[PDB]
Each structure stands twice: as C-alpha cells, then as structure tokens.
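K.L.:
Have a look at this one before I ask anything.
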Amino acid sequence: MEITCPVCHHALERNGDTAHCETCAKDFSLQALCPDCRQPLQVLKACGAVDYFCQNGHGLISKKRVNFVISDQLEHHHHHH
Ligand SMILES: [Zn+2]
Ligand SMILES: [Zn+2]
C-alpha cells in the first residue's frame, strides 16, 4: 500500500498527523476517522499536537485500524449535510 502522492508516486514521509509530499511541496494532513462514525471523533490535544479518538463519545479503536484519511478539502461552507 505505502503512502505516495497521487501525482508523483515516489514516497511520502509521515511525521504524525501530516505526511509530507517531497516534490510538489505539499503537506497532506490525515484525520483519524471511524468506519461507522465518520467524524473527527474527538479532538485529543497534547502540547498542541492533536489526535482524533472517540473515547466515550463513541468507542476507542486500535490506531492500527483507524481510518486516517487525507482531508485537506474545504468542508466548512459547501460540503453540506
Ligand atoms: Zn512529489
Ligand atoms: Zn469510535
């Protein structure tokens, strides 16, 4: 599977939260979603760092099975529900 740019299939490096695209100079921020509850789950922040983990608001997941999706698109005013 790996992680590569949809444009330049080389190799994207993950620093946590965001994966950096080499050529393109693009940063892909990945958000931790559930397959059943498709939300930011619950915003856990520590020293600024953030992880999306629905503790009591839904139920915890092993981070090995959490859906880290690259959502850098405008979800505010157009992506309506
Ligand atoms: Zn690239
Ligand atoms: Zn959950």
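Read-outs: derived from the displayed coordinates by stated rules, not from any lab. Heads up, the Cβs are rebuilt from the backbone with ideal geometry, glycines too, and the neighbour counts pull from every protein chain shown.
K.L.:
Non-local amide H neighbours of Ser29 (under 5 Å, H modeled in plane, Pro and chain starts lacking H): which ones?
P.N.:
Answer set, sorted by chain and number: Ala19.
K.L.:
Sticking with this structure for a sec: Go through the chain and name the GluC sites (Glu not before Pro) that are in a DSSP coil and have 13 or fewer other Cβ atoms within 10 Å of their Cβ. Could the numbers behind the result be given before it?
P.N.:
Numbers: sites: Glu2, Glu13, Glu22, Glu75; in loops: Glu2, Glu22, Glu75.
When the GluC sites (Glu not before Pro) of the chain are filtered for loop state and at most 13 Cβ neighbours within 10 Å, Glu2, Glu22, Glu75 remain.
K.L.:
Taking the convex hull of the alpha carbon atoms in the stretch 12-72, what volume per residue do you get, in Å³? Before the final figure, lay out the partial values.
P.N.:
Working: hull volume 5.6 nm³, N = 61.
Roughly 92 Å³ of hull volume per residue.
K.L.:
Next question, about the same structure. Connecting C-alpha atoms closer than 10 Å in a GNM of the chain, tell me which of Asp51, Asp17, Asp36 has the biggest fluctuation.
P.N.:
Of the options given, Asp36 has the highest mean-square fluctuation.
K.L.:
What residue among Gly59, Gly48, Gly16 shows peak mean-square fluctuation when the chain is described by a Gaussian network model with Cα springs under 10 Å?
P.N.:
With Cα springs under 10 Å in the chain, the top fluctuation among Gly59, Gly48, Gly16 is at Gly48.
K.L.:
Separate question: So if a site counts as exposed when it's one of the trypsin sites (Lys or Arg not before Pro), its DSSP state isn't H, G, I, E or B, and it has at most 12 other Cβ atoms within 10 Å, what's the longest stretch of the chain without one? Spell out each step's value before the answer.
P.N.:
Values: sites that count: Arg38, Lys63, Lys64, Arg65.
With trypsin sites (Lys or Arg not before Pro) excluded where exposed in loops, the chain gives 1-37 as its longest stretch.
K.L.:
Another question, then. For the chain, with only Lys/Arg (+1) and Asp/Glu (-1) charged at the beta-carbon, what is the dipole magnitude about the Cα centre, in debye rounded to 20? Numbers along the way, then the final one.
P.N.:
Values: 7 positive and 9 negative charges, 57 e Å.
Magnitude of the dipole: close to 280 debye.
K.L.:
Now a separate question. Expressed as a rounded percentage, what relative contact order does the chain have, with Cα pairs under 8 Å and six or more residues apart?
P.N.:
On the way: 109 pairs, mean separation 17.9, N = 81.
Answer for the chain is 22 percent.
K.L.:
Something else: Comparing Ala46, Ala19, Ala11, which has the greatest mean-square fluctuation in the GNM of the chain with Cα pairs linked when under 10 Å apart?
P.N.:
It is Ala46.
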